[PDB]
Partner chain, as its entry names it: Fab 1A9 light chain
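Below you will find one chain, with nothing else, as structure tokens; this is the form deposited without its partner chain, and questions on how it binds or moves follow later.
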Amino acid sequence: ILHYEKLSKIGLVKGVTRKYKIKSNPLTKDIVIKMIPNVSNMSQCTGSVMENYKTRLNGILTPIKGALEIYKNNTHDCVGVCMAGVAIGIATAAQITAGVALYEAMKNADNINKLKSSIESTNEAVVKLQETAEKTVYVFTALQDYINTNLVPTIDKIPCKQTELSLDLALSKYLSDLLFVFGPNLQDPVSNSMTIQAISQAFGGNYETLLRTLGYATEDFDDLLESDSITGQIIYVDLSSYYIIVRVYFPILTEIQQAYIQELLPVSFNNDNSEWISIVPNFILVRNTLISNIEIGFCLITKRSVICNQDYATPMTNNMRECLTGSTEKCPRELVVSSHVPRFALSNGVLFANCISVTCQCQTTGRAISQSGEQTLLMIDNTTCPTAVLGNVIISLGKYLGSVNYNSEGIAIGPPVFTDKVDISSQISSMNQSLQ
């Protein structure tokens, strides 16, 4: 376990405790995104912009169909999914799993494609199609709202050459937004790591409409959405009607048993007439009594749980392990030169303040609280005095659950470090000479 009391003297005050959960057991739903709007009522003087747009869009969608066909031509049934690796050549585990999912989805994709005329005939942003007697499929058109709201009502009040230019500009804007996702960046359409937010770029970035139409099945919807857990996969691309079929995955957030995330608050501390800040990860992941780093940039942090779409646990150095489990001397530290580093923190009702680097007096005492040159931090609870003053904040404090004689006991202190990108090169290069 983590030794919070020893970490506090370093400057690492214990923070909130959060539970760890990852995506599992995804459900599947199929949607059709029509990437070309219907212009039946505006065709009177739509000009020649549509042929150019179709050619440009075919130039984008052709690589997608080409990258799908390699798995399409190698997936079939033999006397489950039964693939042929000779004509596949290069494939990772994720690619092969995505191909299996693609073949599985083809069973419904065939019946979806059976309604090609209905898909093309759609002229609203969201349309319901009776895909079978007991199931339905929704159709999303990229720019149908804009055409039905702005361009169509203004088809005669302005010279419709200007309307042609406006439609061309709208389509060009849509394509420029698309090219970030569906352009040559999408080298691997056979994969399910593409988030619904990115897929909605084919719909103008309005993923909320897609999710609301499909259904808010769970109460953990927002955590799944922000954490990039709701993903989709393209399973069919049509170069005649210019539409794609996307299978959207709706997973459930499953708590990881015997696992939690502990956050450590860094506080500057005094040592040798100078201020220092400890260098340890802000978030530590504990799972089944095993301490390991978690890369938290991709994960989502809430008030009670950490939500990740993938198991983002990363290895932790053994020295870091002993720094977090009591051995303070192995805990690295950095000198502080900036004057905007926190100098006190409150945890469990008791504040850990660097009472020498900031004015520090209590309230009922009406006197100052003195921090000697040997103590890194000062523990202030209501044992010494029940209300403290720090700058312009007057705060009352609760009892401490740790050692009664905390402020009278010191510890060893670790060696200094520097964490700049180029400082790493200098340190490695310099000591290499020392090694020789």
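Numbering follows the first chain given and starts at 1. Shifts are known only where both forms have a C-alpha. Each form is matched to the other, and the largest set of C-alpha atoms that superpose within 1.5 Å is called the rigid core.
Keep in mind the form deposited with its partner chain bound is missing from the figure; the text below concerns it.
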Position in contact with its partner chain when the complex is considered in the bound PDB entry, options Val237, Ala353, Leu224, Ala109, heavy atoms within 4.5 Å: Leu224
Contact of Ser327 with its partner chain in the bound PDB entry (heavy atom, 4.5 Å): no
Residues within 4.5 Å of its partner chain in the bound PDB entry, restricted to 206-237 and counted by heavy atom: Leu214, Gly215, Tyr216, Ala217, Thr218, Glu219, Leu224
Candidates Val341, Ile252, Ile96, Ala217 - which moves between the shown form and the other one, C-alpha at least 2 Å, core fixed: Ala217
Large Cα move at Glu134 between the shown form and the other one, threshold 2 Å, rigid core: yes
In the bound PDB entry, shift in Cα separation for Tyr249 relative to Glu131, 3 Å or more: farther
Cα-Cα shift for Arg247 and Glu131, closer or farther in the bound PDB entry, minimum 3 Å: farther
Structural rearrangement between the shown form and the other one, runs of 3 or more with C-alpha shift of 2 angstroms or more, core superposed: 131-135, 216-219
